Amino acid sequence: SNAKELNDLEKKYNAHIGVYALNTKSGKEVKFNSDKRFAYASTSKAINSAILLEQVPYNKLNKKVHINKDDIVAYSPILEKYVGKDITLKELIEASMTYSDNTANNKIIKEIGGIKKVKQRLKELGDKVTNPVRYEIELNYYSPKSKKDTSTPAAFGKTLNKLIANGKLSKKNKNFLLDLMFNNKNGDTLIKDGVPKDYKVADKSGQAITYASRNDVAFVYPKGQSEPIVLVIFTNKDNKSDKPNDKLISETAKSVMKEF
């Protein structure tokens, strides 16, 4: 059974696994520690991007945003080149999703209206679990004794479905975002490495600083099926300093996909 496989994986990798998968066509679900809290780290870049794309039409993503020296936070491989320059909303979302640029995500949250506006949107979506508190990079300071910047697999996956796969995005904005997730430069070792050949994966990965917190969320499209399987995989380990093994997420994805 899938539960036995995931239990063996927890032991093989000495790690904790949280899984929620929903086949949006059939309604079938796979759940494993799906109500346990994990740090979501950069997987939240998918949420913040979608919220911004709900309120800015595609042809208005040319709006310019000025980048100052002090805006740059750690792991901003794109935005560190824009100090003293302007960047468009389109280029912020591209940097955030394609390269996991942290400054880009911060500017996107600001454009949305800040952390409080994100929380208001989550409540409207019926997500009373996902708990944004800090910006990059402090949101990656995960502690098991704290709920800051955590979610559960089930809550995060239901929110991904409601915002993107079955949300209210325009045709152009939805195709723009999903293509970024199909084509991103950070996900090849995770869900994409684990799914069988005839699936197409649009993912966003995450890694927090502590407790080997390693995540991937995705919309997984079976060949010939336009409705995705929403897949959320959160993992961590017991010690603060441990380093993640991406193969855990790949093998988890391979196991979960046997259910669909």
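Numbers follow the displayed sequence, beginning with 1.
- Checked against the record, the higher mean CA B factor of 174 to 182 and 74 to 82 lies with 74 to 82.
- Note on 59 to 67 vs 229 to 237: mean CA B-factor is higher in 59 to 67.
- Between the residues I93, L163, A154, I115, it is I115 that shows the highest Cα B-factor in the PDB record.
- The PDB entry gives the largest Cα B-factor of the residues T130, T98, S143, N102 to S143.
- When the modelled residues of the chain are ordered by their C-alpha B factor, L125 lands in the highest third.
- Ranked by Cα temperature factor within the chain, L22 sits in the lowest third according to the deposited record.
- Per the PDB record, residue ranking by Cα B-factor puts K158 in the lowest third of the chain.
- Ranked by Cα temperature factor within the chain, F32 sits in the middle third according to the deposited record.
- For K223, the recorded CA temperature factor ranks within the highest third of the chain's modelled residues.
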